[PDB]
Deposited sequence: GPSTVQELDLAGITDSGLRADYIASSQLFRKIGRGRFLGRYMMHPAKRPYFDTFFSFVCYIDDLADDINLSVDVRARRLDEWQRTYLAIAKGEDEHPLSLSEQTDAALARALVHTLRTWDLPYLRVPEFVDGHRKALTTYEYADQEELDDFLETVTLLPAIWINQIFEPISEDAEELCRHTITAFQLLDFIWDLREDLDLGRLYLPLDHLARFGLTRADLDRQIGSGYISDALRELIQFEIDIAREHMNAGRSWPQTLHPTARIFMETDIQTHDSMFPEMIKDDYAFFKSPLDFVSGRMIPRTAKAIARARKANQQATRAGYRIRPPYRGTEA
């Protein structure tokens, strides 16, 4: 964009090879993150290379894990291939990527290592996130909350608490409010995608939550999208929504514990996910009874103008991003 050179210059990212990897990672985020990419313009320009690269990493691994053209075994192999490339770059054994996928892997890895080391994040623990995705690929149900927490801690919350530091907290409360907020987002995703995930063979609601309402997995498979849900399924849906609400409410202060330059982004992201609640609930949970055809809370202009002012003011008040890793 008209400000990409401004962004890399403000961050002090001047090596020509490193700049190219940041740009490649940002373009990959544009392509895969799509609407999420526009959130970059709620961030301070000097912060955007790191915001882009971190989101790019999470979105890209998601995309490998979700690619409908690959079997689960081929997805697991692609995750292994990315992890191998990442670790080699992280350890300085760097290989020489040949294929397009290998080149993409390596460019993201090089920018990511630099981003994580810039922010004193545990760059050598990235494989734990990847392992969590690889495990999720062959995990089709969760017996109880403890089992679901394994997925949430490794796939959802590990990267969340890392980007939380890039948001530059101003109070010690931030990590815990981060965990509640992103948990709520992730639980919202499970509820919203219930039909699709069930069609993929995956139940992200804990089996003992179904048991509490006398329901089996087969009950859910038959009813979601069927035209009819039972009273017991309505109460289970309401149960899971209430869990999401409580996490959203327990994390509501998160934006106020973040640097002013990250606050509008997360205020806007919270509002966007908040809009999922009435869409799933209204018209006696019509969302779950039929495949509905509508433009949802996503598929942001006002926020960007407010952010542009907030970012200019931050700079004039002496905001200075920390220097890039050498």
* Structure fact -> The answer, as deposited-sequence ranges with no C-alpha, is 300-302, 330-333
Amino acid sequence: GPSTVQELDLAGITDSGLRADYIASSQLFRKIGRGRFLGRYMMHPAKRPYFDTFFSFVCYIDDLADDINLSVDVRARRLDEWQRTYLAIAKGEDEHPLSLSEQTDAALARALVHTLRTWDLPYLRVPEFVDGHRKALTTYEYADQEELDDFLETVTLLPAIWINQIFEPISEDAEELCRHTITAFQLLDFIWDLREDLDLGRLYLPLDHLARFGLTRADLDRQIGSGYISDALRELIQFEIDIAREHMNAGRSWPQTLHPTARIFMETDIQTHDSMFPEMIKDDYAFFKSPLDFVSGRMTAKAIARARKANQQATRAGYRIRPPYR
From here on, numbers count along this sequence of modelled residues.
* Asked: Which of the two stretches, 88-96 or 101-109, shows the higher mean Cα temperature factor in the record?
  -> 88-96
* With respect to the recorded C-alpha B factors, which stretch has the higher mean value, 259-267 or 290-298? -> 290-298
* Quick one: which of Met276, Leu28, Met42, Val58 shows the highest Cα temperature factor in the PDB entry? => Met42
* Asked: Within this chain, which third does the Cα B-factor at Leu177 fall in: lowest, middle or highest?
  -> highest
* Just say lowest, middle or highest third for the CA B-factor of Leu187 relative to the other modelled residues in its chain. => lowest
* Structure fact -> Here the Cα B-factor of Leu124, set against its chain, lands in the third termed middle
* To do: Please rank the C-alpha B-factors of the chain's modelled residues and tell me whether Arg48 sits in the lowest, middle or highest third.
  => middle
* Could you tell me which third, lowest, middle or highest, the C-alpha B-factor of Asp66 occupies within its chain? => highest
